[PDB]
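**Student:** Sharing an experimental structure here, sequence included.
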Amino acid sequence: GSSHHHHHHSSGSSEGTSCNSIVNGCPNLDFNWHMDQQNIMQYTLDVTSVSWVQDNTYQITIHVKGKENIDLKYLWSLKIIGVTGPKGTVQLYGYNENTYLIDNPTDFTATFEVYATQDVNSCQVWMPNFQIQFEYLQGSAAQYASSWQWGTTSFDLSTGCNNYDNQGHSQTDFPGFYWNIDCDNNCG
Ligand SMILES: [Mg+2]
Ligand code: NA
Ligand code: NA
């Protein structure tokens, strides 16, 4: 059968609709300032794919990269929180939760669903913002504290274009993003 479209589970299966243009909504804000002020190592986030499922639900993939490589042994837990979607929390790593879905907390991807409803214009909607909660050097990972050299060990990194100071420093750590409604690439 066809594999042009990514298939999704359906209330059954359905054809995903891939969005062609995934736009950083605020690439001229300074995001680094907000991590630097908290002594958090800089990270970046990109949205690398968006597929419309149905309704206003999209399956998105993110890619998160730290400035320096931090070995997995330092990590205790990693989760996406505050998600506007089917699941409000997406566990990525945690011994307590038997979850091992990444192998490098400084270079990882994650795929999850969001409800994207706030219009940019008549064709495009914003990603709803979320946070990524990192806990290093807790539990069993505390034993590696003597070689830790990357600053603050437990922190949340947030997305968005809607929170910045009067000098263009973001109060978020990562940009917000937008894409076409229903991933209809012919809108407009
Ligand atoms: Mg698709
Ligand atoms: Na629909
Ligand atoms: Na956003």
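**Tutor:** Happy to help now that I have it. Numbers count the residues shown, from 1 in each chain. Ligands and ions are numbered 1, 2, ... in the order given.
**Student:** which bits of the chain sit near ligand 3?
**Tutor:** With CB under 5 Å from the ion as the criterion, the chain comes near ligand 3 at residues 126-127, 129, 176. Every residue, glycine included, has its C-beta placed from N, CA and C.
**Student:** can you map out the helices along this structure?
**Tutor:** 32-36 (DSSP state H).
**Student:** got the buried residues for the lengthiest strand in it?
**Tutor:** Determined from DSSP state E, the single longest strand within the chain is strand 43-54. Neighbour-count burial for strand 43-54 flags 43, 45, 47, 49-53 (criterion: 16 or more other CB atoms under 10 Å).
**Student:** wait, does it contact ligand 1?
**Tutor:** Yes: with CB under 5 Å from the ion as the criterion, ligand 1 is reached by strand 43-54 at residue 51.
**Student:** returning to what we had before: may I see the buried residues of strand 43-54 arranged in CSV, with distance to residue 106 as well?
**Tutor:** Shown next, in CSV, are these (distance: CB to CB, whole Å):
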residue, distance to residue 106
43, 8
45, 12
47, 18
49, 21
50, 24
51, 26
52, 31
53, 30
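**Student:** just those now: which is nearest residue 93?
**Tutor:** Checking the buried residues of strand 43-54 against residue 93 by CB to CB gives residue 43 as the nearest, at 15.0 Å.
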